[PDB]
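Below is one structure; the comments refer to it alone.
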RNA sequence: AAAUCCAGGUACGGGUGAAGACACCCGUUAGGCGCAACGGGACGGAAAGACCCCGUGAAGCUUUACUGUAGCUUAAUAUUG
RNA sequence: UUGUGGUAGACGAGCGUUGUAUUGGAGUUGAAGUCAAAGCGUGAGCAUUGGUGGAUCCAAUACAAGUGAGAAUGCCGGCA
RNA sequence: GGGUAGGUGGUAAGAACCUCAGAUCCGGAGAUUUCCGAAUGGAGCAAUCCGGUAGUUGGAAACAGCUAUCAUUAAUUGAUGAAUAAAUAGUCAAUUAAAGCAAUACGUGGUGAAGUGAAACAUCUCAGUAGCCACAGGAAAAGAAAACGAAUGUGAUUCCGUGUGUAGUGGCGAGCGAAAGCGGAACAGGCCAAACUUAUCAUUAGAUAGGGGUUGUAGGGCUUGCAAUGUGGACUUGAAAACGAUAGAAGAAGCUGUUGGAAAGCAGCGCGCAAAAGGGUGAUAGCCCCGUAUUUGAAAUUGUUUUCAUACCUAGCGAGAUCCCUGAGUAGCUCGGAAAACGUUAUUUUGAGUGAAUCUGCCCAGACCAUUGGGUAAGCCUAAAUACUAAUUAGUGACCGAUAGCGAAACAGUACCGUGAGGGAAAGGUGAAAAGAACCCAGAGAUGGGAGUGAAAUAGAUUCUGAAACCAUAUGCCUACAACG
Ligand SMILES: [Mg+2]
Ligand SMILES: [Mg+2]
Ligand SMILES: [Mg+2]
Ligand SMILES: [Mg+2]
Ligand SMILES: [Mg+2]
Ligand SMILES: [Mg+2]
Ligand SMILES: [Mg+2]
Ligand SMILES: [Mg+2]
Ligand SMILES: [Mg+2]
Ligand SMILES: [Mg+2]
Ligand SMILES: [Mg+2]
Ligand SMILES: [Mg+2]
Ligand SMILES: [Mg+2]
Ligand SMILES: [Mg+2]
Ligand SMILES: [Mg+2]
Ligand SMILES: [Mg+2]
Ligand SMILES: [Mg+2]
Ligand SMILES: [Mg+2]
Ligand SMILES: [Mg+2]
Ligand SMILES: [Mg+2]
Ligand SMILES: [Mg+2]
Ligand SMILES: [Mg+2]
Ligand SMILES: [Mg+2]
Ligand SMILES: [Mg+2]
Ligand SMILES: [Mg+2]
Ligand SMILES: [Mg+2]
Ligand SMILES: [Mg+2]
Ligand SMILES: [Mg+2]
Ligand SMILES: [Mg+2]
Ligand SMILES: [Mg+2]
Ligand SMILES: [Mg+2]
Ligand SMILES: [Mg+2]
Ligand SMILES: [Mg+2]
Ligand SMILES: [Mg+2]
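Chains as they are written, first to last, in our numbering: chain A, 393 to 596; chain B, 169 to 232; chain C, 10 to 62; chain D, 23 to 133.
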């Protein structure tokens, strides 16, 4: 509204209050901000639940999930018969891209998800574009021919690498399974069941 | 304008309530009083500032 | 009235403005009584009794 | 490419003129018509106008010309076949010249 | 061209009637249609009366009507020893 | 058997227009529109034929309304 | 690049050319871009006038061509420099940004009425609405507890439903109306100051540039050890891949007869379909044409996502010392206002005045005190869900169909009105195809009557259908002694 001259006022004081609040020294912190936030965890003393929270974070990251979707899946599995500690494991592992990553035609789970979303993926009684469909223990997932028309091929090799709960024949692009992954195939990255109780408190 | 030069704090507009609660818009003006300070080789330059800022300068040793 | 969404059946009956195919969770009262005729799958019928309860 | 070009023999399959064989002299793609010689003969009542060196005479009586016809009413005429018939055409691309060529679908005749 | 115009084929006297009738009742008079005139009537035309009243209508103006306020004046307080 | 004058008003039963959904049907051998006539109904209203017209329309059951013109010194257009 | 055999934009015929060494046309990227206009060399009555400077070409010079540059403000730097020694003010030069517009729409902030209701009216309502102004952005604002609030409680902000028209607030009148809790959409928490320490400033630093730190079941610093070399970001550069956007390619299937001017209608016999959406073709076409379903394709520009590497941030649990730091004209208080549902009041904010304390600390739990409990003010940044559509692409309508729908289907904000701001219309349809009536007669001609084209000319440019009011002609009946809704 005139010659405000921040030099005139800032130096006018050299400390003051307005001077120090604005103090151009104001850095960027433009890397400090991001990373620390990123994601944290640890366990504390007063609530115990700290363990549950950290474990929940790990599990969701292992499959790339948003907390809201997780609450939905827990609600689904919760009601049925009884001690369903065998059901929700199948539910969490029934993800189509999860099956695609354990099937072995992608270098990483999220990359497999990208593929799925880009329409690589052919099913049985149906087809698939959405990377969240719950598959049934005994289901087939015939891979497209167009993807093979783009030989990067490097994948087929991973396919054979596989994990026992997945039965897929390389090159020939086909997959199904039975005897759903036992806890051995769900390694100690997240192997606890009081995260279930954490969601029982938070989700009715 | 009728405003301080150190800060940007200006007038305060409000209501003039009287008996019978009659409403009339009024303006409170800040006490702009001239003041001289020593900055950049102590160069004194008269600056119209609010008495509040005048007290702040006096306590901050700036006003000398 | 179809329970498993067969693709070969859906590829046909799409150029026919007369006939149409729907899932059990998709048929309504009006689609049922506009039919004048319908072909129902056996497993669709088993799901029908289940839905009625 | 186009179904009808300038020069190929063509016939009419609808209207008062049935089985009218002719040669397309000019094609207007925008309004989708076609001038075919010998067909759609109209007779403008030629008046007399004299305002130019050529208009000083402009001898015009009952000149019979050509009226344009919609391309839908036109159909290609077969020539290679011993028994000529009217049919539809494809747009096969022969790798010999990598050029698109019209081929009939009730026979194997090019153009 | 113009304002006007519910449809009209549109007499007078007495009476009647929303209380002053071309149209109602009872009588009298009058062939159909123009043109030039003059204004008696059609409570003639033009202007949802300006007078009067009504509206818990509007606006202008006045004052020791009410409530406020610009301005003017006095004191405390800060700049202020 | 008792009834059926009627304003303000209350209640009940219906007609008509356009479109949508289901059924059926007519139409260049002539639909809608539009004019005329010596028809049918208790009422809104509904037909038959002929002329003109040149491409959509009808019947039934439901549904949704910009759904019914004689008046507002009403608006617009035309003509006295 | 695609794509062909036509093209030279519409009222538009003709003349003259271009085009198969690949035209016109479509898409991507560029070139040129007069003058006015933020207009910015100076002015000015907009699209005009008058220049300066540095080059270069003609002239013998004035001069005239051809180029580039010349506004103001703010920031940085350098030079010069007054009253008045120094030093500043000031002056000059260089570099970097700012100006303005629009999307009749959303955001924030400042300012801020009245008509009206209360059946009058002043408190109040209307309403923090209209308007005025400033600043943006693709969203903005808000935001990580000195919180809610009454409990073995929840644990940033935002938006939706309910709580409810509830508690309350109101000339307790008209009216106004939450905050908790619960159910959902999305979800993310970060960073400085101070301590302590390093280096440098006539080191009077009280200043500059680094390491250290970011808190509440208190945190950090001081000294002393163990465990760590990771996981993750709101992240930089690159490389690779995938999914698209901006032109396109291919894309099945019918004949006969009848009415008819014309078949696609109607009838007979067939055929195709991942195509029976639609448009045109002389009537109403799945199979006449263009297309549609489906399969495909990008030289160039651009969007999203993924993989790998690469900068830049990011890390646990102990011991002792009892020492230091934790945001002051600040929180409170007084006098006038306001924000919250509240008409001012515990909480929030401020115009004037005054004014604290430092974890045995401070604030809060609707006056206030004590106990209990909750939380860490006076510093900063923060994606997502949320608000809107002038515009681009696709599509839909128990939406309108020339008095309707935008004022504007046509060349409409035009004609026109007003000094100006401003106000503001009406008007669409020949025929399948102009085949738009050559020619004859009357007439000065327009025109009319024939002829001709056409299925139709009573479809003729006055051009789809053509209602009533209104004006004329005529068959038949009645009417000039007659008082007439
Ligand atoms: Mg008021
Ligand atoms: Mg007149
Ligand atoms: Mg009397
Ligand atoms: Mg009068
Ligand atoms: Mg009156
Ligand atoms: Mg009054
Ligand atoms: Mg009043
Ligand atoms: Mg005084
Ligand atoms: Mg009655
Ligand atoms: Mg109907
Ligand atoms: Mg008729
Ligand atoms: Mg109406
Ligand atoms: Mg080219
Ligand atoms: Mg008022
Ligand atoms: Mg009132
Ligand atoms: Mg009133
Ligand atoms: Mg923001
Ligand atoms: Mg594609
Ligand atoms: Mg094609
Ligand atoms: Mg085809
Ligand atoms: Mg068709
Ligand atoms: Mg307090
Ligand atoms: Mg308030
Ligand atoms: Mg404490
Ligand atoms: Mg603090
Ligand atoms: Mg209009
Ligand atoms: Mg009209
Ligand atoms: Mg004018
Ligand atoms: Mg004629
Ligand atoms: Mg006329
Ligand atoms: Mg007409
Ligand atoms: Mg007589
Ligand atoms: Mg007589
Ligand atoms: Mg009489």
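Think of the CB as a built atom: it goes at the ideal place given N, C-alpha and C, for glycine as much as any other residue.
Exercise. Jot down the residue ranges of each uninterrupted alpha helix (DSSP H) in the segment 498 to 553 of chain A, minimum 4 residues, whole runs only, in chain order.
Key: 501 to 509, 538 to 541 and 546 to 553, all fully within the segment 498 to 553 of chain A.
Self-check item: residue 569 (chain A) in three-state terms, based on DSSP
Solution: For the purposes of this step, residue 569 (chain A) is taken as the residue at position 177 of the first chain. When DSSP states are grouped into helix, strand and coil, residue 569 (chain A) belongs to the coil group.
Quiz item: At which residues does the alpha helix (DSSP H) containing residue 59 (chain C) begin and terminate?
Solution: Along the third chain, one-based indexing puts residue 59 (chain C) at 50. DSSP places residue 59 (chain C) inside the alpha helix (DSSP H), whose first and last residues are 51 to 61.
Exercise. Assign residue 181 (chain B) to one of three DSSP states: helix, strand, or coil.
Key: The residue you call residue 181 (chain B) lines up with position 13 of the second chain. Correct three-state label for residue 181 (chain B): strand.
Self-check item: Residue-level contact to chain A via CB, residue 207 (chain B), 7 angstroms cutoff
Solution: Working through the second chain from its first residue, we reach residue 207 (chain B) at position 39. In terms of beta-carbon proximity, residue 207 (chain B) lines the interface with chain A, with at least one pair separated by less than 7 angstroms.
Quiz item: With a CB to CB cut of under 6 angstroms and the five nearest residues on each side skipped, what residues in its chain are close to residue 197 (chain B)?
Solution: Here residue 197 (chain B) refers to the residue found at position 29 when the second chain is read from its first residue. Only 170 and 179 meet the Cβ criterion.
Quiz item: Going by Cα to Cα distance, which pick from A:576, A:540, A:572 and A:575 is closest to residue 565 (chain A)?
Solution: For this step, residue 565 (chain A) is matched to residue 173 along the first chain. Checked all of A:576, A:540, A:572 and A:575; the closest Cα to residue 565 (chain A) is A:540.
Exercise. Give the range of the beta strand (DSSP E) segment to which residue 560 (chain A) is assigned.
Key: What you label residue 560 (chain A) is simply residue 168 of the first chain in a count that begins at 1. The continuous beta strand (DSSP E) containing residue 560 (chain A) extends over residues 559 to 561.
Quiz item: Looking at the unbroken alpha helix (DSSP H) that takes in residue 31 (chain D), where does it start and where does it end?
Solution: Along the fourth chain, one-based indexing puts residue 31 (chain D) at 9. From DSSP, residue 31 (chain D) is part of no alpha helix (DSSP H) but of the beta strand (DSSP E) over 31 to 34.
Practice problem: For residue 482 (chain A), name the three-state secondary structure that DSSP assigns. | Solution: Translated into positions along the first chain, residue 482 (chain A) becomes position 90. Of the three classes helix, strand and coil, the one that applies to residue 482 (chain A) here is helix, per DSSP.
Exercise. Give me the Cα-Cα distance between residue 24 (chain D) and residue 119 (chain D), rounded to the nearest whole angstrom.
Key: Stepping through the fourth chain from its first residue, residue 24 (chain D) is reached at position 2. Stepping through the fourth chain from its first residue, residue 119 (chain D) is reached at position 97. Straight across, the Cα-Cα distance linking residue 24 (chain D) with residue 119 (chain D) is about 19 angstroms.
Quiz item: Apart from the five residues on each side of it in sequence, which residues of its chain come closer than 8 angstroms, Cβ to Cβ, to residue 112 (chain D)?
Solution: As a first step, residue 112 (chain D) must be located in the fourth chain, where it is residue number 90. Correct list, in chain order: 124, 125, 126 and 127.
Practice problem: Report yes or no: is there a C-beta of chain A within less than 7 angstroms of the C-beta of residue 22 (chain C)? | Solution: Within the third chain, residue 22 (chain C) is the residue found at index 13, counting from 1. Answer no: the Cβ-Cβ gap between residue 22 (chain C) and chain A never drops below 7 angstroms.
Self-check item: Proximal residues of chain A, C-beta to C-beta of residue 175 (chain B) below 7 angstroms
Solution: The sequence position of residue 175 (chain B) within the second chain is 7, counting from 1. Correct list: 410.
Quiz item: Among B:181, B:213, B:184 and B:176, which has the Cα closest to the Cα of residue 411 (chain A)?
Solution: On the first chain, position 19 is the one that residue 411 (chain A) refers to. The residue with the shortest Cα to Cα distance from residue 411 (chain A) is B:176.
Quiz item: Based on the DSSP output, what are the partners of residue 126 (chain D) in its beta bridges?
Solution: Position 104 of the fourth chain, counted from the start, is the residue given in the question as residue 126 (chain D). The partner list for residue 126 (chain D) (beta bridge, DSSP) reads D:111.
Practice problem: Tell me, please, whether the CB atom of residue 467 (chain A) is closer than 7 angstroms to any CB atom in chain B? | Solution: For the purposes of this step, residue 467 (chain A) is taken as the residue at position 75 of the first chain. No, residue 467 (chain A) does not count as interfacial toward chain B.
Quiz item: Listing by chain order, which chain A residues have their CB less than 9 angstroms from the CB of residue 230 (chain B)?
Solution: The residue you call residue 230 (chain B) lines up with position 62 of the second chain. Within 9 angstroms Cβ-Cβ: 404, 405, 406, 407 and 408.
Exercise. List the residues of chain C whose Cβ lies closer than 7 angstroms to the Cβ of residue 518 (chain A), in chain order.
Key: Taking the first residue of the first chain as 1, we reach residue 518 (chain A) at position 126. Within chain C, the residues near residue 518 (chain A) are 14.
Practice problem: Verify whether the separation of the beta carbon atoms of residue 512 (chain A) and residue 532 (chain A) is less than 7 angstroms. | Solution: Walking along the first chain from the start, residue 512 (chain A) turns up at place 120. Walking along the first chain from the start, residue 532 (chain A) turns up at place 140. With contacts defined by Cβ atoms closer than 7 angstroms, residue 512 (chain A) and residue 532 (chain A) do not form a contacting pair.
Quiz prompt | Helix, strand or coil at residue 92 (chain D) [DSSP, three-state] | solution = As a first step, residue 92 (chain D) is located in the fourth chain; it is residue number 70 there, counting from the start. For residue 92 (chain D), the three-state secondary structure derived from DSSP is strand.
Practice problem: Starting from the Cα of residue 218 (chain B), find the closest Cα among B:229, B:188 and B:201 and give me that residue. | Solution: Taking the second chain and counting its residues from 1, one reaches residue 218 (chain B) at position 50. For the residues B:229, B:188 and B:201, the minimum Cα distance to residue 218 (chain B) belongs to B:201.
Exercise. Would you verify that the beta carbon of residue 501 (chain A) is, or is not, closer than 7 angstroms to some beta carbon of chain B?
Key: Position 109 of the first chain, counting from 1, holds the residue named residue 501 (chain A). No - not a single Cβ of chain B is within 7 angstroms of the one on residue 501 (chain A).
Quiz item: How would you call residue 489 (chain A), buried or exposed, if buried means at least 16 neighbouring beta carbons within 10 angstroms?
Solution: On the first chain, residue 489 (chain A) is found 97 positions in, with the first residue counted as 1. With 16 or more other Cβ atoms within 10 Å, it is buried.
Quiz item: Under 7 angstroms Cβ-Cβ, which residues of chain B neighbour residue 432 (chain A)?
Solution: Here the question's residue 432 (chain A) lines up with position 40 in the first chain. Within chain B, not a single residue places a beta-carbon under 7 angstroms from that of residue 432 (chain A); the smallest gap is close to 40 angstroms.
Quiz item: Can you give the beta carbon distance from residue 555 (chain A) to residue 494 (chain A), rounded, assuming they're within the 8 angstroms contact cut?
Solution: As a position in the first chain, residue 555 (chain A) is number 163, starting the count at 1. As a position in the first chain, residue 494 (chain A) is number 102, starting the count at 1. Going by Cβ atoms, the distance from residue 555 (chain A) to residue 494 (chain A) rounds to 5 angstroms, so yes, they are a contact pair.
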